[PDB]
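Coordinates from final-v4.csv are shown below (CSV, C-alpha atoms).
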chain,number,residue,atom,x,y,z
A,7,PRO,CA,-1.4,21.2,-1.6
A,8,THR,CA,0.7,20.8,-4.7
A,9,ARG,CA,1.3,17.3,-6.2
A,10,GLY,CA,5.0,17.9,-5.5
A,11,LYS,CA,4.4,18.5,-1.8
A,12,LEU,CA,2.1,15.5,-1.6
A,13,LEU,CA,4.9,13.3,-3.1
A,14,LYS,CA,7.5,14.8,-0.7
A,15,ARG,CA,5.3,14.4,2.3
A,16,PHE,CA,4.2,10.8,1.3
A,17,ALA,CA,7.9,10.0,0.8
A,18,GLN,CA,8.6,11.1,4.4
A,19,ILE,CA,6.4,8.2,5.6
A,20,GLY,CA,8.9,5.6,4.4
A,21,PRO,CA,9.8,3.4,1.5
A,22,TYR,CA,6.1,2.7,0.6
A,23,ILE,CA,5.4,5.2,-2.2
A,24,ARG,CA,6.5,4.3,-5.7
A,25,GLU,CA,6.9,7.7,-7.4
A,26,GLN,CA,7.4,6.0,-10.8
A,27,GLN,CA,3.9,4.5,-10.6
A,28,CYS,CA,2.1,7.6,-9.4
A,29,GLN,CA,-0.3,9.2,-12.0
A,30,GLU,CA,-1.5,12.8,-12.2
A,31,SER,CA,-4.1,12.4,-9.3
A,32,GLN,CA,-3.2,8.8,-8.2
A,33,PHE,CA,-0.4,7.7,-5.9
A,34,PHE,CA,0.8,4.2,-5.5
A,35,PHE,CA,2.2,2.6,-2.4
A,36,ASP,CA,3.3,-1.0,-1.6
A,37,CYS,CA,4.9,-3.1,1.1
A,38,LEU,CA,6.9,-6.3,0.8
A,39,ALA,CA,5.9,-7.7,4.2
A,40,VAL,CA,6.9,-11.4,4.1
A,41,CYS,CA,9.3,-13.3,1.9
A,42,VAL,CA,7.5,-16.2,0.3
A,43,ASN,CA,10.6,-18.4,0.6
A,44,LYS,CA,14.1,-17.3,1.6
A,45,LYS,CA,15.8,-20.4,0.5
A,46,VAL,CA,15.1,-19.6,-3.2
A,47,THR,CA,17.5,-18.0,-5.7
A,48,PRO,CA,17.6,-14.2,-6.1
A,49,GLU,CA,15.8,-14.3,-9.5
A,50,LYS,CA,12.8,-16.2,-8.1
A,51,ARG,CA,12.4,-14.4,-4.8
A,52,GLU,CA,8.8,-13.3,-4.0
A,53,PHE,CA,6.9,-11.5,-1.2
A,54,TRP,CA,3.4,-11.5,0.4
A,55,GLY,CA,2.3,-8.0,1.1
A,56,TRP,CA,-0.1,-5.2,0.1
A,57,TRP,CA,-0.4,-2.4,-2.3
A,58,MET,CA,-2.5,0.7,-2.3
A,59,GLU,CA,-3.9,3.1,-4.8
A,60,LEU,CA,-4.7,6.6,-3.6
A,61,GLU,CA,-6.9,8.8,-5.8
A,62,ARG,CA,-6.8,12.5,-5.2
A,63,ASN,CA,-10.2,14.4,-5.6
A,64,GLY,CA,-9.6,17.9,-4.4
A,65,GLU,CA,-9.2,17.9,-0.6
A,66,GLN,CA,-10.0,14.2,-0.6
A,67,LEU,CA,-7.6,11.2,-0.9
A,68,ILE,CA,-9.5,8.0,-1.7
A,69,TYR,CA,-7.6,4.8,-0.7
A,70,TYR,CA,-7.9,1.2,-2.0
A,71,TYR,CA,-5.7,-1.4,-0.4
A,72,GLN,CA,-5.3,-4.9,-1.8
A,73,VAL,CA,-3.5,-7.9,-0.2
A,74,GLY,CA,-1.5,-10.4,-2.1
A,75,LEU,CA,1.7,-11.6,-3.8
A,76,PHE,CA,4.5,-9.6,-5.4
A,77,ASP,CA,5.8,-12.2,-7.8
A,78,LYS,CA,9.2,-12.8,-9.4
A,79,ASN,CA,8.2,-10.6,-12.4
A,80,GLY,CA,7.4,-7.6,-10.2
A,81,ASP,CA,3.6,-7.9,-10.4
A,82,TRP,CA,1.1,-7.7,-7.6
A,83,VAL,CA,-1.6,-10.4,-7.6
A,84,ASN,CA,-4.6,-10.4,-5.2
A,85,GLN,CA,-4.0,-13.9,-3.8
A,86,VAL,CA,-2.4,-14.7,-0.5
A,87,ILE,CA,-1.2,-17.8,1.4
A,88,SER,CA,-3.9,-18.8,3.9
A,89,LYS,CA,-1.5,-18.7,6.9
A,90,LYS,CA,-2.4,-16.8,10.0
A,91,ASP,CA,1.2,-15.7,10.7
A,92,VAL,CA,1.6,-14.3,7.2
A,93,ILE,CA,-1.7,-12.5,7.1
A,94,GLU,CA,-1.1,-11.0,10.5
A,95,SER,CA,2.3,-9.8,9.4
A,96,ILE,CA,0.9,-8.1,6.3
A,97,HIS,CA,-2.0,-6.6,8.4
A,98,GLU,CA,0.5,-5.1,11.0
A,99,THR,CA,2.6,-3.4,8.2
A,100,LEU,CA,-0.7,-2.0,6.7
A,101,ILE,CA,-2.0,-0.7,10.1
A,102,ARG,CA,1.4,1.0,10.9
A,103,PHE,CA,1.6,2.6,7.4
A,104,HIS,CA,-2.0,3.9,7.5
A,105,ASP,CA,-1.5,5.5,10.9
A,106,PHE,CA,1.5,7.4,9.3
A,107,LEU,CA,-0.7,8.2,6.3
A,108,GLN,CA,-3.6,9.6,8.3
A,109,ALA,CA,-1.2,11.7,10.4
A,110,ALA,CA,0.3,13.0,7.2
A,111,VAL,CA,-3.1,13.7,5.7
A,112,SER,CA,-4.2,15.7,8.8
A,113,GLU,CA,-1.0,17.7,8.7
A,114,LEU,CA,-1.7,18.6,5.0
A,115,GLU,CA,-5.3,19.5,6.0
A,116,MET,CA,-6.9,16.9,3.8
A,117,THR,CA,-9.3,14.0,4.3
A,118,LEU,CA,-8.7,10.3,3.9
A,119,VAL,CA,-11.6,8.4,2.4
A,120,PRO,CA,-12.1,4.7,1.7
A,121,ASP,CA,-12.8,3.7,-1.9
A,122,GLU,CA,-16.2,1.9,-2.3
A,123,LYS,CA,-14.2,-1.3,-3.2
A,124,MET,CA,-12.8,-1.3,0.4
A,125,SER,CA,-16.2,-2.9,1.2
A,126,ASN,CA,-14.5,-6.1,0.0
A,127,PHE,CA,-11.2,-5.6,1.9
A,128,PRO,CA,-10.7,-8.8,4.1
A,129,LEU,CA,-9.0,-7.2,7.1
A,130,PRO,CA,-9.9,-4.1,9.2
A,131,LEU,CA,-8.1,-0.7,9.4
A,132,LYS,CA,-7.5,1.4,12.6

Now that the file is in, can you turn its structure into structure tokens?
Amino acid sequence: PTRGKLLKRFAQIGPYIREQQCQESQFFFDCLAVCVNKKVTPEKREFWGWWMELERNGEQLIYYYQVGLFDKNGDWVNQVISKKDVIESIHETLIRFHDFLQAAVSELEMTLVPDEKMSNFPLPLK
């Protein structure tokens, strides 16, 4: 599969992919799952969520998810509020997305492989 077709097919999954942040053989996804605080002003608004780097190595796509905060400056940081309701919300968006991603990957006849750093991922996949 061409990089252009990968991008198109990954775009079909939903608003996760961030084309602008995708490199030659790396694709970037994220998900704003839970507003930190809705009472705040637009300029200070932040989200708990996840982001994911996907490295292409031939027929392999190697995934590394991290969980954390998307801050008011547009940066992801790997710290998260220690609230069960928030962490569950993030987890459910990640599970749903990954299931779309695997289905997409089978349909492109490729393989989905966890990065070695997934050993330190704090929640499970499906």

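Put simply, CA of residue 24 in chain A is 24.1 Å away from CA of residue 126 in chain A.
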
Quiz prompt | Point (-2.3, -4.7, 10.2) neighbourhood (12 Å, only C-alpha atoms) written as an MDAnalysis selection string | solution = chainID A and resid 37 39 55:56 71 73 91:105 128:132

Exercise. Could you jot down the CA of residue 113 in chain A to CA of residue 72 in chain A separation for me, Å, one decimal place?
Key: 25.3 Å

Practice problem: Would you mind telling me which residue in A:60, A:12, A:38, A:19 lies nearest to residue 82 in chain A when using only C-alpha atoms? | Solution: A:38

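Of note, CA of residue 108 in chain A and CA of residue 18 in chain A are spaced 12.9 Å apart.
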
Self-check item: Shell around residue 13 in chain A at 12 Å using all atoms listed in the file, local window under 2 positions removed, as number ranges by chain
Solution: A: 7-11, 15-35, 60, 62, 110-111, 114

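Across A:59, A:77, A:115, A:65, the tightest approach to residue 41 in chain A is made by A:77 when counting only C-alpha atoms.
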
Exercise. Could you pull out every residue with an atom within 6 Å of (-7.5, 13.3, 4.1), file coordinates, counting only C-alpha atoms, and send them as a count of residues only?
Key: 6

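Taking all atoms listed in the file into account, residue 43 in chain A lies nearest to A:78 out of the set A:84, A:125, A:120, A:78.
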
Quiz item: Restricting the calculation to all atoms listed in the file, which member of A:57, A:121, A:64, A:52 is positioned closest to residue 80 in chain A?
Solution: A:52

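In terms of minimum interatomic distance to residue 70 in chain A, A:58 ranks closest within A:40, A:58, A:107, A:87, counting only C-alpha atoms.
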
Quiz item: Closest to residue 123 in chain A among A:109, A:44, A:68, A:63, using only C-alpha atoms?
Solution: A:68
